[PDB]
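This report refers to the structure that appears directly beneath it.
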There are 2 protein chains.
Amino acid sequence: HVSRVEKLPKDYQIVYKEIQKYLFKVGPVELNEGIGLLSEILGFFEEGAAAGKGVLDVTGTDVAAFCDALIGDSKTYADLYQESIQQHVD
Amino acid sequence: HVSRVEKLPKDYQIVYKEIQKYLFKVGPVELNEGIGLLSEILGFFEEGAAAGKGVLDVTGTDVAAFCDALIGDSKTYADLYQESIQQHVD
């Protein structure tokens, strides 16, 4: 078995590696929120591939601007976190 | 500010809610890996929307089968986790 990152087309992998570096430097500092963000970007990329898009058609040429639009807050993480607890009750 | 989940088209939100329930019952039990998986599915959905796809064009009609293909292992989480540490050095 292998990481789904390794299953991306090569172009997508190159841009993902740029992304990991960037987000480390400007994204959430916390390990878990950091991986949540990365996981999310990975899914953009996976659906991009499946849709027959080139990576820059997903991010645009300004990849940092793409990342920046997902870091504006942590409401998204917070939602997913709170929902999982509400369930773990179940 | 609001969760990006709330910014999805309504059809995508409906299928995401089905997904949260399903994954809770069959997905990783661990809180963090669970949110990582959810984050990833969310990105599939976000790129689906941006690409002009209907949700079932992203998941297929067998939504449980879609979820099942992302739960076959945790190599993907493990990768993202190990990479973040290697960096937090930096």
Item to complete: For the range A:1-24, name all the residues that are hydrophobic (A, V, I, L, M, F, W, C) and part of a loop (DSSP other than H, G, I, E, B).
Response: A:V2, A:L8
Item to complete: Kindly provide the set of residues from the range A:1-19 that are acidic (D, E) and facing chain B (nearest Cβ under 9 Å), ordered by number.
Response: A:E6
Discussion item. Cβ contacts < 9 Å: first residue without any contact (Cβ under 8 Å) to a residue 60 or more places away in the chain and among the basic types (K, R), restricted to the range B:45-69; second residue surrounded by 13 or more Cβ atoms within 10 Å (Cβ to Cβ) and not in a helix (DSSP H, G or I), any location; separation 6+ or different chain. Result?
Written reply: B:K53/A:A51
Worksheet, complete the sentence: In the range B:50-72, residues that are polar (S, T, N, Q) and in a helix (DSSP H, G or I) total 1
Discussion item. Of all residues being among the aliphatic types (A, V, I, L, M) and facing another protein chain (nearest Cβ under 7 Å) in the range B:38-72, which is farthest from A:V2 (Cα to Cα)? Just the residue, please.
Written reply: B:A51
Practice prompt. Give the residues of the range B:73-89 that are outside any helix (DSSP H, G or I) and facing chain A (nearest Cβ under 7 Å), sorted by residue number.
Written response: B:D73
Worksheet item: Tell me, which residue of the range B:20-37 that is of a type in the set (V, I, T) and more than 7 Å from every other protein chain (Cβ to nearest Cβ) is farthest from B:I71 (Cα to Cα)?
Response: B:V29
Discussion item. So for the range A:25-37 (the condition being part of a loop (DSSP other than H, G, I, E, B), more than 17 Å from B:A50 (Cβ to Cβ) and more than 14 Å from the chain's Cα centre (by Cα)), does at least one residue qualify?
Written reply: yes
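Throughout, read-outs are computed from the coordinates displayed, never taken from laboratory work. Cβ atoms come from the backbone with ideal geometry, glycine included; neighbour counts cover every protein chain shown.
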